[PDB]
């Protein structure tokens, strides 16, 4: 069965260290850049409200067939449904509780992880899920409060609208001679395959609420090694594809990378926790259940 990779670093900054995100990320860099990803738990009393327009939040998630690569009237597999945040959560909880035959919060994270990777390589069982991925924060607002006048800000919420850890306040303009956060409404087994960011950018990721998001990360010093293992084992039909396109279907069991000498670290990002990916740190993951994440690429 699946062997969980070693855990990535988790930092619990004090209020003093939590003052400046870029300063903190710069200070943890000697360790975190050697693991590719890391997790940051804010101080206990740092609890931003959820600021999306929930009444009007509507979206059509994308269908994900977990074993599509292994499986190589097709094209009309599933029927698309539009959801609200509530109706998607109802669907997501019903799927998970039916699949595991237990209440959603009782399913061990290790079991969802083991079952996810079994399903990815299974030819005898076709599991299909839906992912509300890459919803722009312009559509229904950011999950963080933003002082743009579109939604009321309470006095006790203003500090979060001005916080440097508010993803809308991360720097995004790269220096050159010559960008807003994105939202992810997850369900059990919804996933993102191995990739790096455009321009080898850092990314920061915040789980607003819900069940955890499970991550895998590879340090940048092993980026070429991972790409080598990909070219060896990825389908021949997608081998010659440019990286930007190949990254749409670069799903690979972490144990396969580990067996080929590639260092891989994991974490369960829980509600209220940040995940930072360092430059050229390949990462991939899946959601344990119904959750809501916000992410943005930033520069230092």
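Residue numbers count along the first chain shown, from 1.
Does the chain run continuously from residue 111 to residue 112, or are deposited residues unmodelled in between? Answer none, 1 to 3, 4 to 9, or 10 or more. Gap between residue 111 and residue 112: none.
Counting only residues from the deposited sequence, how many are left out of the model between residue 178 and residue 179 (none, 1 to 3, 4 to 9, 10 or more)? The entry leaves 10 or more residues without coordinates here.
Should the higher mean CA B-factor in the entry be assigned to 165 to 173 or to 146 to 154? Here the higher of the two C-alpha B-factor means belongs to 146 to 154.
Comparing 180 to 188 with 80 to 88, where is the mean C-alpha B-factor higher? Higher mean C-alpha B-factor in the PDB entry: 80 to 88.
Go through 274, 50, 57, 265 one by one and give the residue whose Cα B-factor in the PDB entry is largest. When the deposited C-alpha B-factors of 274, 50, 57, 265 are compared, 57 is largest.
Member of 18, 278, 286, 11 with the greatest C-alpha B factor (per the PDB record): When the deposited C-alpha B-factors of 18, 278, 286, 11 are compared, 18 is largest.
C-alpha B factor of residue 258, ranked within the chain: lowest, middle or highest third? Middle third - that is where residue 258 ends up once the chain's C-alpha B-factors are sorted.
Mind checking which third residue 35 falls in for C-alpha B-factor across the chain? CA B-factor rank for residue 35: lowest third.
Sorting the chain's modelled residues by C-alpha B-factor, tell me whether residue 75 ends up in the lowest, middle or highest third. Ranked within chain, residue 75 CA B lands in the highest tercile.
Relative C-alpha B-factor of residue 203, binned into the chain's lowest, middle or highest third: Within its chain, residue 203 is a lowest-third residue by C-alpha B-factor, going by the deposited values.
Should residue 3 be placed in the lowest, middle or highest third of its chain by the C-alpha B factor in the entry? According to the entry, residue 3 has a C-alpha B-factor in the chain's middle third.
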